[PDB]
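Colleague: Shown below is the structure under consideration.
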Amino acid sequence: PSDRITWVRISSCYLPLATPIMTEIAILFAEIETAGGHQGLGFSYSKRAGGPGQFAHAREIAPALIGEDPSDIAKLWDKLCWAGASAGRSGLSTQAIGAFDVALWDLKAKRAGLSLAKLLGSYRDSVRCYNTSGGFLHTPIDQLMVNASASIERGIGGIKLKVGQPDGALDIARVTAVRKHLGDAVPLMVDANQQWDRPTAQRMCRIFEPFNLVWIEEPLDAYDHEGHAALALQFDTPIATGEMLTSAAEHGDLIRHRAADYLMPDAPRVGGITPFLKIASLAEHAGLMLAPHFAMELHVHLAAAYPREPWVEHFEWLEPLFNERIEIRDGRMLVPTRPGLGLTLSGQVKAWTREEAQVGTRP
Amino acid sequence: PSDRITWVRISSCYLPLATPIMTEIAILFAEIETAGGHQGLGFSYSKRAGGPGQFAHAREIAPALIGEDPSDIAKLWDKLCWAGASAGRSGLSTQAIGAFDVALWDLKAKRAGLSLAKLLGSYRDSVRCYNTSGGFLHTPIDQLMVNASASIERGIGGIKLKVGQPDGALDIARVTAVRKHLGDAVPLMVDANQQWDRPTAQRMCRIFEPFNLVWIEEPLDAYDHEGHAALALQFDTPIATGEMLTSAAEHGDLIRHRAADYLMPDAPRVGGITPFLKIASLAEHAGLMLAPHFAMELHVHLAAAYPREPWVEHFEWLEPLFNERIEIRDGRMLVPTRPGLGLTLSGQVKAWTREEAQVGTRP
Amino acid sequence: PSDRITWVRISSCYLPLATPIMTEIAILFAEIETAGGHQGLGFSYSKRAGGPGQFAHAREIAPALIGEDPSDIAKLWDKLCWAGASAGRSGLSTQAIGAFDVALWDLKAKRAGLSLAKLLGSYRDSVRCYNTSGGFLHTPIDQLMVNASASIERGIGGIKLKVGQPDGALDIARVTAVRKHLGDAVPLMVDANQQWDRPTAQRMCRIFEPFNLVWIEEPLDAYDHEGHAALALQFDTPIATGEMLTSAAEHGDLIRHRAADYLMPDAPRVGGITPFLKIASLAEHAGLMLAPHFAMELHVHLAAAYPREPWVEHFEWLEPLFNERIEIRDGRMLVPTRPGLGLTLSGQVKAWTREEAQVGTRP
Amino acid sequence: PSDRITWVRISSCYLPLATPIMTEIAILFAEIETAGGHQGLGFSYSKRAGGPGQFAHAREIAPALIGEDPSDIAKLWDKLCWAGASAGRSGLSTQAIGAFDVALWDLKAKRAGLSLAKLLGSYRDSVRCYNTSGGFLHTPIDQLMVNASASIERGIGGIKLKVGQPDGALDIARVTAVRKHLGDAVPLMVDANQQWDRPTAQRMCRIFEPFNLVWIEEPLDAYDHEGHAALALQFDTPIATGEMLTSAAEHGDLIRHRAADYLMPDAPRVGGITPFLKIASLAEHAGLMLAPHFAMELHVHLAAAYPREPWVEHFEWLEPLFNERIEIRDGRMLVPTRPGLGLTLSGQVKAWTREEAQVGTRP
Amino acid sequence: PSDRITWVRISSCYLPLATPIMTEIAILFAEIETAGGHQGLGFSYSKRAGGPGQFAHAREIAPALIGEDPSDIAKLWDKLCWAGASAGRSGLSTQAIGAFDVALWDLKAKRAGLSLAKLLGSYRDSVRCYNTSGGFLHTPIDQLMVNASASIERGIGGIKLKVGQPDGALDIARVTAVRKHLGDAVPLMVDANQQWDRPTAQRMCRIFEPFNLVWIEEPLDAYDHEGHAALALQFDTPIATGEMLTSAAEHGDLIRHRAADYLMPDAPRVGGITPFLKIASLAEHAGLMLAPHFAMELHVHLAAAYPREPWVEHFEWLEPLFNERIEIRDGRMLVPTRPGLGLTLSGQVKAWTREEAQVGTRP
Ligand SMILES: [Ca+2]
Ligand SMILES: [Ca+2]
Ligand SMILES: [Ca+2]
Ligand SMILES: [Ca+2]
Ligand SMILES: [Ca+2]
């Protein structure tokens with residue numbers, strides 16, 4: 001083999017959130033080291049229930065990696081999946097596999113002395129970014145307006161507003177208020193978080209049309225593909241969805257329905273970089289736009305490798321976990337130039353680790 | 001509410017197999033009790049990796065059941081799924097949910113003093129059954145021949161032979177040998193266990209055509225829907241598949257492709273009775289036949305409720321876990337008449353339990 | 001068996017209407033009792049011609065229920081259908097079967113000490129409701145306006161206005177008048193009762209778009225599925241139809257055409273709860289909304305069991321037939337908590353019964 | 001940038017064939033070197049007219065590579081294509097681009113100290129191989145028989161026989177003769193080289209069915225997708241095609257028609273490794289088998305990276321151009337383990353070079 | 001044969017542009033003469049990279065024309081294509097073939113003493129024309145406004161404006177300015193040159209709707225057929241595309257998608273008149289409009305032969321190459337009446353020729 005895995009360590013780290021949304025996020029870290037002295041770091045996560053399950057499964061299948069050639073990433077993804085075949089090809093088991101998968105990609109990239117973006121091959125050195133500016137449905141427009149202004153001032157390229165509350169007139173007012181404040185030149189998008197039924201989504205999308213939003217995210221249930229397809233066919237405003245999906249197959253179904261103008265795959269959630277690339281390949285062929293969701297630390301690299309100009313969300317919740325940081329400038333997020341994912345665990349991770357296990361002999 | 005859940009207990013029981021094939025099966029038991037004194041028992045399982053993950057997730061979401069009306073089964077399935085939304089609608093998380101789901105159905109049936117089959121409404125009091133007679137690819141033909149003949153004399157209604165070895169001539173020989181021994185009056189089916197590629201499956205199905213087998217099971221990868229549909233369109237022999245799928249959505253895709261003459265949903269594997277019923281409704285409408293896989297203790301009830309004559313496999317591995325037994329006669333297994341699933345945990349379960357947890361106050 | 005039917009009584013009851021619409025409605029009541037002392041009550045109906053036919057058929061097939069296990073509801077639906085096979089799977093014969101079907105469901109629910117909603121499993125304890133406030137095309141807007149206001153005051157959650165008269169400008173005026181009176185906050189829907197041809201429906205739907213109605217009901221002939229599908233594709237306003245259909249097959253065709261945003265199945269009209277559930281399963285899978293038509297006494301239970309928020313019409317014409325009543329509060333209809341359908345025949349039913357028959361020996 | 005391209009050299013080398021079939025093959029070699037001291041070698045080719053055109057275009061666009069980051073392979077493929085946009089996305093211009101593309105991949109692999117197969121990630125360390133044993137339509141049966149048997153004793157895993165001559169009876173005779181000589185255990189395939197019209201292909205495939213050939217290659221015109229799809233739907237024997245196609249788009253069309261059981265993309269012919277990977281992704285998703293055509297020195301690496309067991313032709317014509325060799329044993333060719341493609345130009349290349357050019361300053 | 005080719009001369013002529021756009025255009029001229037004394041002139045071209053490749057290939061395959069019957073044009077197109085089969089059916093090789101193809105058509109037309117338009121059969125003696133009036137995105141509206149006015153004054157029938165710059169508000173302003181200047185009676189069209197992504201194209205097309213433009217050209221990537229089809233389905237304004245395509249197959253795909261209201265095939269770019277006619281036949285059958293791109297000297301003849309009123313661009317860049325000129329009158333371009341294409345090489349061609357070759361003996 002090109003090398004061989006000799007040690008693996010998994011940790012279940014509970015990241016406390018500065019502000020309740022959801023008071024914490026369970027992060028599954030996977031560390032892999034080889035006889036050749038190469039090392040990789042990867043992770044998966046669970047918002048709400050899922051952390052314990054991901055860790056337990058990861059611990060059970062980890063031994064299957066020992067002795068294997070780390071360069072055969074897809075092959076190993078398949079081997080770990082087969083090791084837990086009755087668990088399926090999506091959900092907790094493949095998310096656990098994803099932590100290992102990301103680590104192997106990190107390791108291969110470092111082996112070449114290249115950032116993950118350069119190993120895959122990039123199309124740009126910076127990616128369009130946007131943020132919520134710490135805005136929620138319960139955030140007084142006044143505060144959200146001043147926070148969004150600050151974000152723009154520090155380099156954010158767009159603002160995503162939370163909508164989808166029983167009183168639709170409220171959202172329209174809030175959005176109207178933000179648009180008047182920032183100006184027509186600031187890109188604006190909304191996220192309904194699956195709060196609308198088909199009739200309501202139909203009416204709200206109609207109202208938002210004049211706003212020229214970048215996109216309307218998750219207007220319906222994440223699984224209502226025909227519903228999303230119907231909205232995309234009817235309205236000029238792009239429809240964005242997919243962040244809730246957990247496998248290449250689900251994204252394939254969404255794509256088959258032409259249910260999204262902007263596909264929002266979540267690498268950790270779908271099983272890692274390996275399945276994410278298969279999804280990106282399908283989206284590319286279908287001529288769609290890409291807007292990866294969550295984990296910017298990983299997605300900035302994946303987005304950089306997509307043919308068409310993508311959008312990545314500037315999200316700072318995971319920063320305390322790492323020693324590195326992402327920098328933003330003139331509406332764009334810079335793609336890190338360091339080898340691999342360019343991440344190392346902060347000293348704070350230890351204090352937040354509730355479970356851990358390892359197998360093999362460390363080099 | 002009709003009632004209120006007050007106590008829940010989950011157990012991870014490792015069933016040792018008298019004959020390695022894999023030397024054990026992880027069973028997740030869920031016990032539910034209410035303020036009204038009602039009780040239910042359900043379970044899910046994992047062959048190979050999966051047991052630890054299912055238990056861990058079940059333990060984390062169990063508290064969400066306390067205080068809820070046990071009669072709103074589908075509603076609670078959704079609540080538990082939402083409680084772990086980032087985990088998706090299939091795989092380990094929904095299988096954990098399935099243990100609770102089965103228990104709720106068991107409890108509702110008992111509440112009406114009806115077997116699960118009668119609660120759902122049955123079409124028959126006994127179901128066609130078949131077995132492998134402890135035969136595997138490595139079992140010497142002559143042994144499998146006397147074993148099969150023995151199963152027939154005990155009342156089994158059919159024999160499923162394992163095939164799919166590199167030397168197709170061998171399988172053809174073994175099947176020919178079995179057919180000549182038992183006679184043309186004994187129903188025969190084969191299981192290739194996803195071992196054939198499209199070209200090989202094409203040639204083997206061609207050869208088996210004259211045999212008039214009941215079905216050819218899993219000739220291709222469980223996810224090659226187009227491949228299976230092509231075989232079903234070409235050959236007279238029914239194609240059976242679906243045992244590997246873990247969600248209603250995956251079965252829906254298989255059904256959309258018309259990839260199976262006999263659909264083989266596995267209740268515990270797809271998330272319980274609730275999603276299984278949705279799958280059965282889709283199969284019924286599509287005019288397909290049903291042959292549920294594994295867990296006869298549960299599937300005999302579900303099969304009894306299907307409009308068209310189904311087939312259920314009679315296999316003994318799980319018996320040690322329960323105090324009750326399935327009866328077979330004249331080629332069919334009798335649908336139990338006791339309330340609910342008609343199962344209670346044996347004293348052996350305790351000794352095989354490696355993990356357990358409970359929440360709430362037992363009535 | 002779980003039990004066995006020993007007595008059956010059918011009655012043809014003619015319900016006189018307080019105000020001509022249609023001066024009466026023929027109701028077919030079915031009573032079923034078992035050796036175990038269990039009892040069930042169900043019914044079907046005919047607006048205009050149909051009462052005599054339903055009763056005659058019910059009387060002829062009733063004997064087929066004696067001795068049968070009441071828990072095998074679907075099986076018995078099929079047996080009664082086969083008993084009159086040349087009559088088909090829809091229309092008068094299956095509507096007669098439906099009376100028996102509803103009774104069997106009522107009996108099974110009572111057996112478990114659960115309301116019908118809880119036996120099926122509910123998603124809500126109350127359902128959105130609406131009414132016409134005794135409004136017809138010939139009702140002076142002035143009166144309809146004050147009546148609608150009263151309905152809202154007593155808890156009704158929406159108002160359905162009758163439209164579809166030769167003078168379209170009239171309907172627009174009437175609707176404009178009602179909207180201005182009640183305010184934009186009161187949900188409003190219209191019912192054209194199949195009075196428009198494709199061109200007219202096209203023009204009227206266009207005009208109603210700004211109104212933001214909950215739905216436009218039966219704009220075209222109940223059987224013009226392509227016509228309805230075209231309207232739904234073109235307009236934001238939901239299209240509602242299906243109330244005239246009499247079988248799962250017809251609803252399946254409507255669904256295949258994507259001819260309705262809100263499907264309006266009528267349990268009694270399609271053959272009872274058994275076929276209604278098959279229809280609801282198809283609508284659920286297609287991602288549609290549900291708005292059962294007529295018989296709120298039965299549909300409130302069925303609606304409660306649907307995944308997505310349905311709408312049920314508050315209709316008081318059938319009240320004199322029963323001793324129980326439905327209560328409405330804050331725009332919602334409360335789902336009864338009593339066992340089964342929660343209905344018993346009033347003493348007035350006897351005086352209105354024109355035909356009756358029974359078979360078997362009462363327990 | 002990760003690095004920077006500083007020098008590029010292109011050579012048009014005419015490979016003389018020891019045996020006319022066409023007496024030579026024009027090979028376009030591309031050498032790329034960077035400021036960081038990294039180097040890559042790639043190539044494209046033309047059988048018959050094409051060599052001069054490929055070189056001329058390569059020379060004209062080569063300057064566009066100077067100063068660029070060699071790691072952004074896909075990006076540069078697009079830049080060179082845009083540099084000659086009026087030339088399209090297929091044919092001579094993209095084949096010229098492919099020589100550079102292969103060199104960039106070779107360079108990236110070497111950068112990581114990995115073979116091309118390991119950089120991409122492999123599923124196997126050896127690939128099934130087959131050869132023609134120097135047999136053509138004019139080769140006397142008995143000679144081809146001893147030649148084939150010889151290839152088998154040296155380790156070849158299969159024999160491809162050339163067919164498609166006006167006298168079909170002859171082919172059938174020759175194939176029958178070969179089959180009887182080698183035995184039923186030696187895999188056999190035939191290549192009709194687009195010689196049959198639909199009617200003839202239909203009859204010949206019918207006759208070959210009993211033979212159980214691995215595949216029937218190019219039975220019809222390379223562009224008759226409907227024709228090929230019809231044959232594949234009708235016959236058990238796999239249909240193989242695609243070797244003549246020159247772009248991802250053409251392969252996509254073939255795949256859309258389901259016109260091939262075995263897709264035969266030719267990396268150099270379609271524009272290099274970059275477009276080849278896109279084609280492989282499409283074939284993988286469609287559930288097809290892979291059998292890359294020509295250039296085993298390159299395809300052995302690409303085939304190793306495909307999920308399902310592929311077939312690669314072992315043919316010796318290009319060996320004189322390189323200092324390295326492919327090893328075969330037990331019916332499979334070993335995937336080279338050296339860095340990158342594992343190829344270096346032999347001293348003979350210089351003598352066969354008719355044209356060459358370079359740009360930039362060599363490090 | 002009807003005659004036989006005895007001499008062929010190819011020249012690579014670099015046409016310098018009066019103003020940078022692109023400072024020159026490579027033109028490939030092909031001259032063919034027969035034993036019968038007949039002669040033909042044709043050409044192909046490359047904007048940016050492509051000239052050297054086209055010439056090199058043309059030189060290599062030219063010998064294949066000697067001795068052949070010039071009247072069998074399609075047959076010879078196929079023979080030359082086969083002569084370079086590994087080069088494919090599009091791109092540089094077929095463009096080289098196209099130069100010869102045009103010459104053969106010119107020769108056949110002259111043989112009959114008919115213009116090319118009359119040989120094919122025409123529907124009109126003049127064709128609607130339009131121009132850019134030397135306008136580019138960087139041209140100050142003031143100048144573009146006065147230039148467009150002059151064009152109209154000298155007989156041009158329409159104005160095409162360049163759009164597709166980052167600042168969409170700019171294009172709208174420029175177009176608004178031009179429309180106000182020339183008046184609503186002057187046909188206006190825009191060309192976005194593939195500068196918009198789907199979302200942007202969607203928004204810009206919406207804005208342009210009120211303008212009643214003749215068409216919106218290349219709003220998206222030339223290969224995004226689904227994208228173009230979606231725009232055409234949604235908007236009243238015709239979508240025009242196809243100028244970038246290089247083969248009948250690509251145009252066929254575009255047509256299959258109903259991706260264009262106005263198809264813009266480029267004869268030289270797709271391989272000559274032979275493939276252009278196949279494309280025109282497909283467009284005619286699909287009921288589309290035709291707007292050939294570039295080379296008016298050739299397209300005026302081809303456009304004249306199309307059933308529906310086409311549009312041809314008045315483009316003067318190629319004039320210096322020929323001794324003849326096209327005349328425009330009352331918004332239409334007159335179809336030349338001279339034999340064949342009606343073109344002869346100017347004395348300036350010699351000075352601009354960088355490469356040339358000939359084969360055979362001149363008559
Ligand atoms: Ca859209
Ligand atoms: Ca079949
Ligand atoms: Ca609609
Ligand atoms: Ca086939
Ligand atoms: Ca249009």
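Here's how to read the names in the structure tokens: chain A, B, ... by the order shown, residue numbers from 1 in each chain, ligand numbers from 1 in the order shown.
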What's around residue 302 (chain C) at 9 Å? Count only C-alpha atoms, leave out sequence neighbours fewer than 5 positions away in its own chain, and write the answer as a PDB file with N, CA and C atoms, in the first residue's frame.
Modeller:
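Generated file (out_26.pdb):
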ATOM      1  N   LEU C 116     -62.255   7.145  17.758  1.00  0.00           N
ATOM      2  CA  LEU C 116     -61.779   6.665  16.466  1.00  0.00           C
ATOM      3  C   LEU C 116     -60.456   7.358  16.155  1.00  0.00           C
ATOM      4  N   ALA C 117     -60.364   8.642  16.493  1.00  0.00           N
ATOM      5  CA  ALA C 117     -59.139   9.398  16.236  1.00  0.00           C
ATOM      6  C   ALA C 117     -57.923   8.782  16.931  1.00  0.00           C
ATOM      7  N   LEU C 120     -56.812   5.285  15.401  1.00  0.00           N
ATOM      8  CA  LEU C 120     -56.013   5.495  14.199  1.00  0.00           C
ATOM      9  C   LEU C 120     -54.691   6.169  14.555  1.00  0.00           C
ATOM     10  N   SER C 122     -53.755  10.126  16.403  1.00  0.00           N
ATOM     11  CA  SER C 122     -53.982  11.492  15.951  1.00  0.00           C
ATOM     12  C   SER C 122     -52.739  12.364  15.983  1.00  0.00           C
ATOM     13  N   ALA C 267     -65.739  10.176   3.123  1.00  0.00           N
ATOM     14  CA  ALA C 267     -65.743   8.782   3.565  1.00  0.00           C
ATOM     15  C   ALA C 267     -67.015   8.006   3.205  1.00  0.00           C
ATOM     16  N   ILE C 273     -64.566   4.236   5.884  1.00  0.00           N
ATOM     17  CA  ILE C 273     -63.257   4.572   6.425  1.00  0.00           C
ATOM     18  C   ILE C 273     -62.120   3.786   5.766  1.00  0.00           C
ATOM     19  N   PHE C 276     -61.286   5.333   2.521  1.00  0.00           N
ATOM     20  CA  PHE C 276     -60.861   6.696   2.840  1.00  0.00           C
ATOM     21  C   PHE C 276     -59.397   6.692   3.295  1.00  0.00           C
ATOM     22  N   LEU C 277     -59.012   5.700   4.093  1.00  0.00           N
ATOM     23  CA  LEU C 277     -57.635   5.626   4.579  1.00  0.00           C
ATOM     24  C   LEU C 277     -56.658   5.377   3.435  1.00  0.00           C
ATOM     25  N   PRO C 292     -61.675  16.978   4.147  1.00  0.00           N
ATOM     26  CA  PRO C 292     -62.800  16.043   4.025  1.00  0.00           C
ATOM     27  C   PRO C 292     -64.119  16.790   3.896  1.00  0.00           C
TER      28      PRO C 292
END
Colleague: Using only C-alpha atoms and all ligand atoms, which residues have at least one atom no more than 8 Å from ligand 4? Output them as a PyMOL selection string.
Modeller: (chain B and resi 199+202+230) or (chain D and resi 231-239+261)
Colleague: Name all residues at most 6 Å from region 181-198 of chain C (count only C-alpha atoms; drop same-chain ones fewer than 5 positions away) and give them as a PyMOL selection string.
Modeller: chain C and resi 158-164+213-221
Colleague: Restricting the output to N, CA and C atoms, write the selected residues as a PDB file, in the first residue's frame.
Modeller:
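Dumped to part30.pdb:
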ATOM      1  N   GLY C 158     -63.389  29.954   9.673  1.00  0.00           N
ATOM      2  CA  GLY C 158     -63.367  30.395   8.290  1.00  0.00           C
ATOM      3  C   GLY C 158     -64.752  30.407   7.679  1.00  0.00           C
ATOM      4  N   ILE C 159     -64.889  31.070   6.533  1.00  0.00           N
ATOM      5  CA  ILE C 159     -66.171  31.177   5.842  1.00  0.00           C
ATOM      6  C   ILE C 159     -66.082  30.730   4.383  1.00  0.00           C
ATOM      7  N   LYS C 160     -66.954  29.812   3.977  1.00  0.00           N
ATOM      8  CA  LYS C 160     -66.972  29.358   2.591  1.00  0.00           C
ATOM      9  C   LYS C 160     -68.161  30.018   1.895  1.00  0.00           C
ATOM     10  N   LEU C 161     -67.893  30.728   0.806  1.00  0.00           N
ATOM     11  CA  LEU C 161     -68.951  31.412   0.069  1.00  0.00           C
ATOM     12  C   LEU C 161     -69.310  30.680  -1.215  1.00  0.00           C
ATOM     13  N   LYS C 162     -70.607  30.578  -1.485  1.00  0.00           N
ATOM     14  CA  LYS C 162     -71.083  29.926  -2.698  1.00  0.00           C
ATOM     15  C   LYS C 162     -70.962  30.906  -3.861  1.00  0.00           C
ATOM     16  N   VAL C 163     -70.383  30.443  -4.966  1.00  0.00           N
ATOM     17  CA  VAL C 163     -70.229  31.260  -6.168  1.00  0.00           C
ATOM     18  C   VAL C 163     -70.557  30.370  -7.358  1.00  0.00           C
ATOM     19  N   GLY C 164     -70.363  30.882  -8.567  1.00  0.00           N
ATOM     20  CA  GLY C 164     -70.645  30.082  -9.744  1.00  0.00           C
ATOM     21  C   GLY C 164     -71.952  30.421 -10.435  1.00  0.00           C
ATOM     22  N   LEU C 213     -57.661  33.772  -1.092  1.00  0.00           N
ATOM     23  CA  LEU C 213     -58.622  32.831  -0.531  1.00  0.00           C
ATOM     24  C   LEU C 213     -57.894  31.571  -0.082  1.00  0.00           C
ATOM     25  N   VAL C 214     -58.486  30.847   0.860  1.00  0.00           N
ATOM     26  CA  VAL C 214     -57.887  29.608   1.330  1.00  0.00           C
ATOM     27  C   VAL C 214     -57.889  28.645   0.148  1.00  0.00           C
ATOM     28  N   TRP C 215     -58.993  28.622  -0.597  1.00  0.00           N
ATOM     29  CA  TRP C 215     -59.086  27.767  -1.772  1.00  0.00           C
ATOM     30  C   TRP C 215     -60.272  28.114  -2.661  1.00  0.00           C
ATOM     31  N   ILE C 216     -60.238  27.588  -3.880  1.00  0.00           N
ATOM     32  CA  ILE C 216     -61.317  27.746  -4.846  1.00  0.00           C
ATOM     33  C   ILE C 216     -61.756  26.299  -5.059  1.00  0.00           C
ATOM     34  N   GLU C 217     -62.962  25.986  -4.597  1.00  0.00           N
ATOM     35  CA  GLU C 217     -63.510  24.632  -4.644  1.00  0.00           C
ATOM     36  C   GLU C 217     -64.386  24.297  -5.856  1.00  0.00           C
ATOM     37  N   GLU C 218     -64.147  23.123  -6.440  1.00  0.00           N
ATOM     38  CA  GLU C 218     -64.903  22.624  -7.593  1.00  0.00           C
ATOM     39  C   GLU C 218     -65.146  23.663  -8.689  1.00  0.00           C
ATOM     40  N   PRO C 219     -64.080  24.300  -9.196  1.00  0.00           N
ATOM     41  CA  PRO C 219     -64.309  25.295 -10.249  1.00  0.00           C
ATOM     42  C   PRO C 219     -64.827  24.662 -11.541  1.00  0.00           C
ATOM     43  N   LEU C 220     -64.457  23.407 -11.774  1.00  0.00           N
ATOM     44  CA  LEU C 220     -64.865  22.691 -12.982  1.00  0.00           C
ATOM     45  C   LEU C 220     -65.599  21.398 -12.665  1.00  0.00           C
ATOM     46  N   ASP C 221     -65.987  20.683 -13.718  1.00  0.00           N
ATOM     47  CA  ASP C 221     -66.658  19.403 -13.566  1.00  0.00           C
ATOM     48  C   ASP C 221     -65.733  18.532 -12.729  1.00  0.00           C
TER      49      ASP C 221
END
Colleague: How far is it from CA of residue 359 (chain D) to CA of residue 125 (chain A), in Å with one decimal?
Modeller: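 Distance reported for this atom pair: 26.3 Å.
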Colleague: List the neighbours of residue 41 (chain E) out to 12 Å using only C-alpha atoms; skip same-chain residues closer than 4 positions along the sequence, and give me the result as a PyMOL selection string.
Modeller: chain E and resi 8-11+28-33+98-110+298+322+339-345
Colleague: Identify, on the basis of only C-alpha atoms, every residue whose closest approach to residue 222 (chain A) does not exceed 8 Å; exclude the query and any residue fewer than 3 positions from it along the same chain; express the result as JSON, numbers by chain.
Modeller: {"A": [194, 218, 225, 241, 242, 244, 245]}
Colleague: Just the helix (DSSP H, G or I) stuff from region 53-195 of chain D, please, per backbone DSSP, written as a ChimeraX atom specification.
Modeller: /D:53-65,73-82,85-87,92-111,116-120,141-153,168-182
Colleague: Can you work out the spacing between CA of residue 142 (chain C) and CA of residue 177 (chain C) in Å, to one decimal?
Modeller: 8.8 Å
Colleague: Write out as number ranges by chain every residue belonging to chain D that has an atom at most 10 Å from any atom of chain E, counting only C-alpha atoms.
Modeller: D: 45-61, 80-96, 223, 243-247, 249-250, 253, 269-270
Colleague: Report the distance between CA of residue 124 (chain A) and CA of residue 168 (chain E) in Å, rounded to one decimal place.
Modeller: 23.0 Å
Colleague: Which residues are near residue 347 (chain A)? Cut-off 12 Å, only C-alpha atoms, ignore same chain within fewer than 4 positions. Put them as JSON, numbers by chain.
Modeller: {"A": [13, 320, 321, 322, 323, 351, 352, 353]}
Colleague: Next, the residues of the selection above should be written as a PDB file, in the first residue's frame with N, CA and C atoms.
Modeller:
ATOM      1  N   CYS A  13     -17.014  15.682  21.501  1.00  0.00           N
ATOM      2  CA  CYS A  13     -16.854  16.994  22.116  1.00  0.00           C
ATOM      3  C   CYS A  13     -18.131  17.829  22.078  1.00  0.00           C
ATOM      4  N   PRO A 320     -14.119  28.222  18.609  1.00  0.00           N
ATOM      5  CA  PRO A 320     -13.462  27.811  19.857  1.00  0.00           C
ATOM      6  C   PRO A 320     -12.825  26.417  19.802  1.00  0.00           C
ATOM      7  N   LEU A 321     -13.277  25.595  18.861  1.00  0.00           N
ATOM      8  CA  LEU A 321     -12.764  24.231  18.717  1.00  0.00           C
ATOM      9  C   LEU A 321     -11.403  24.150  18.054  1.00  0.00           C
ATOM     10  N   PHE A 322     -11.057  25.187  17.299  1.00  0.00           N
ATOM     11  CA  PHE A 322      -9.810  25.218  16.547  1.00  0.00           C
ATOM     12  C   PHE A 322      -8.883  26.380  16.885  1.00  0.00           C
ATOM     13  N   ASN A 323      -7.622  26.240  16.489  1.00  0.00           N
ATOM     14  CA  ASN A 323      -6.615  27.266  16.728  1.00  0.00           C
ATOM     15  C   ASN A 323      -6.530  28.211  15.542  1.00  0.00           C
ATOM     16  N   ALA A 351     -11.502  19.953  27.602  1.00  0.00           N
ATOM     17  CA  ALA A 351     -12.471  20.241  28.652  1.00  0.00           C
ATOM     18  C   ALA A 351     -13.913  19.930  28.253  1.00  0.00           C
ATOM     19  N   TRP A 352     -14.197  19.966  26.955  1.00  0.00           N
ATOM     20  CA  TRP A 352     -15.552  19.713  26.473  1.00  0.00           C
ATOM     21  C   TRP A 352     -15.796  18.289  25.987  1.00  0.00           C
ATOM     22  N   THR A 353     -14.773  17.446  26.075  1.00  0.00           N
ATOM     23  CA  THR A 353     -14.883  16.063  25.633  1.00  0.00           C
ATOM     24  C   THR A 353     -15.553  15.188  26.691  1.00  0.00           C
TER      25      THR A 353
END
Colleague: Given the choices E:212, E:348, E:200, E:23, which gets closest to ligand 1 if the distance is worked out from only C-alpha atoms and all ligand atoms?
Modeller: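 Among the listed residues, E:200 lies closest to ligand 1.
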Colleague: Among the residues of region 160-330 of chain E, find those DSSP assigns to strand (DSSP E) from the backbone and print them as a PyMOL selection string.
Modeller: chain E and resi 160-162+188-191+216-217+239-241+262-263+289-290+311-313+328-329
Colleague: Leaving out residue 4 (chain A) and any residue of its chain fewer than 5 positions from it, which residues lie within 6 Å of it when counting only C-alpha atoms, given as a PyMOL selection string?
Modeller: chain A and resi 34-35+67-69
